[PDB]
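> Experimental structure and sequence below, a few questions after.
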Amino acid sequence: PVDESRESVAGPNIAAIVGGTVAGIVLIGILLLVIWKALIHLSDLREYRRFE
């Protein structure tokens, strides 16, 4: 473990919510995208009996 963890609180202007909203939506989209694509992609080969 060679990482650190600092605080992240303040509450800036309206930008606070604006950025948080876009970040959350985009995060959920890209996350679900890679997870869904990878899940169906990895599962595709899993279907067949060539798991070996």
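That came through, no problem. Numbering: from 1, shown residues only.

> Which parts of the chain are helices?
Using DSSP state H, the helices found in the chain span residues 15-47.

> Quick check: the spatially most central residue of the chain vs residue 44, distance?
The centre of the chain sits closest to residue 31, judged by Cα atoms, centre = their mean, with a distance of 3.3 Å. Distance, residue 31 to residue 44, by Cβ to Cβ, to the nearest Å: 20 Å. Every residue, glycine included, has its C-beta placed from N, CA and C.

> and the residue nearest to the centre of the chain, what is it in contact with?
Contact partners of residue 31, counting by Cβ atoms under 8 Å, 6 or more residues apart in numbering, are absent.

> any idea how far it lies from residue 1?
According to Cβ to Cβ, residue 31 stands 25 Å off from residue 1.

> How about residue 50?
The gap separating residue 50 from residue 1 is 39 Å, by Cβ to Cβ.

> More neighbours: which of the two?
residue 50 (7 against 3; other Cβ atoms under 10 Å).

> Can you report phi and psi for that one?
Main-chain torsions, residue 50, degrees, to the nearest 10: phi -110, psi 30.
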